[PDB]
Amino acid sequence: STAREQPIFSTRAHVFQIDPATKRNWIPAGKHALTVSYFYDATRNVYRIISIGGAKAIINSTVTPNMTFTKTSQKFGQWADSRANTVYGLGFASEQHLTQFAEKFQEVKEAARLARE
């Protein structure tokens, strides 16, 4: 619990990102399903969504007080990251998995809100 980086939640999902030019077409990021997790950075007092693929951080989004995750199908969800200047999309294996990720997003945003004070 005293770790610099504390794992919070991990799940599997295929990752995508909206095309930066028109923000209409979805572009797969790392074709295969990857582990997507929420971590608590005790060094910066922030929560982050991280996903590693091909020795690269396909996702490293800091969860801010007004960042929102929206379900756009029964198994897909997305969120805009204004800091990173992109939009991430996740395709889960089931509706239950999407629900799990979304509920954790909300629980973690609450922390960020209090974290911001």
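One-based numbering along the sequence shown.
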Select between 89-97 and 20-28 the stretch whose C-alpha atoms have the higher average B-factor in the entry. 20-28
Stretch exceeding the other in mean C-alpha B-factor - 74-82, 36-44: 36-44
Relative to the other modelled residues of the same chain, rank the CA B-factor of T68 and answer lowest, middle or highest third. highest
Sorting by Cα B-factor within the chain, modelled residues only, which third would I49 end up in: lowest, middle or highest? lowest
Once the chain's modelled residues are ordered by C-alpha B factor and cut into thirds, is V108 in the lowest, middle or highest one? highest
